[PDB]
């Protein structure tokens, strides 16, 4: 049945995870009690991918909510979406990772890993044919970043051949140790992640600033994307039905699996397919502080939803590919996979989601690497990390590793013939 086990790590991961579940709940025609009230069959077909059928007929998310601190997890508890969540799928410690990667990856986080691992093992046992895991977290914090990347590695040790998708929120210059946490996590993602959707918190803020937004306003934006990103996974289906098919199509090289994401429409009367398409590829619609025009597209997985003709979408996507042929590498025939789904979001007529493996994402890492090197050269804040069990060479590793990532992304930008 190709089930997916969701894991929400940290305050960010749990609030984005909540918004996500709260969003896809509606698209599948589900109450917040788990009962199905949809008026279509498409909503019920691939329903068990993310949801578990409780004997009562209700549908419970296959989610595991993890946080070293009981703060945010208690907020999700007595929320609307907190009703259908399985009580014993709430994992929480007494301490906190104090916004340092070390406390999450080696110390306090390392002590809670085995308790969550038990629950995912119980979930995985109740899967007809588990396909992989999906993780929501912030790379800027301590729990989501540190314990998340720890959990990823420990998950691969026990499930070597299951897919590993990640929704990672990058921090923006806006909490003084985020370049450390982020760089240390990216080093883990490049080694132990099959798919990483980079959600720059700067881009979310900029876009919401629709006309200062709160985290909730950002989360709706994130939740809208994730819904769109996972349209191929939650509806049948033809293109990129599995996490695996998607990875094969989006990943030309092993350590180049960090994807930009574009979404449309945003705005603050109905659009045309060309407008929806042009808006999608727009740099103002990218969920990452990086202009796609400064790089090349290695691959693309465009997902359209709603009342649209398959032909009109394909004709338009092809027209864009021909016109902007310079922004696509020539040594990969048919970079862009275009899918279409009848089920629209709510409340919209049509929408388009845009997963890209653009080389311009090097601007994201290159930006953090500068903030990382700025601090590291002064040996700043290291005490808070090395007192937990880390060494300086671990920082230098993550730095040079992320540098090699930029060099790699740049290397294929220039590739000829």
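Positions refer to the first chain, counted from 1.
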From residue 209 to residue 210, how many deposited residues does the entry skip: none, 1 to 3, 4 to 9, or 10 or more? 1 to 3
Quick check on the record: how many residues from the deposited sequence are absent from the model between residue 284 and residue 285 (none, 1 to 3, 4 to 9, 10 or more)? none
Got a sec? Mean C-alpha B-factor, which is higher, 376-384 or 348-356? 376-384
So 29-37 or 365-373, which one's hotter by mean CA B-factor in the entry? 29-37
Looking at 295, 144, 160, 173, which has the highest Cα B-factor in the entry? 173
Have a look at 340, 151, 189, 75 and flag the one whose Cα has the highest B-factor in the entry. 75
On the chain's distribution of Cα B-factors, residue 328 falls within the third called lowest
Sorting the chain's modelled residues by C-alpha B-factor, tell me whether residue 81 ends up in the lowest, middle or highest third. highest
Chain-relative CA temperature factor third for residue 108: highest
For residue 59, return the chain-relative third of its C-alpha B-factor as stated in the PDB record: lowest, middle or highest. highest
Ranking every modelled residue in this chain by its Cα temperature factor as given in the entry, which third contains residue 98? highest
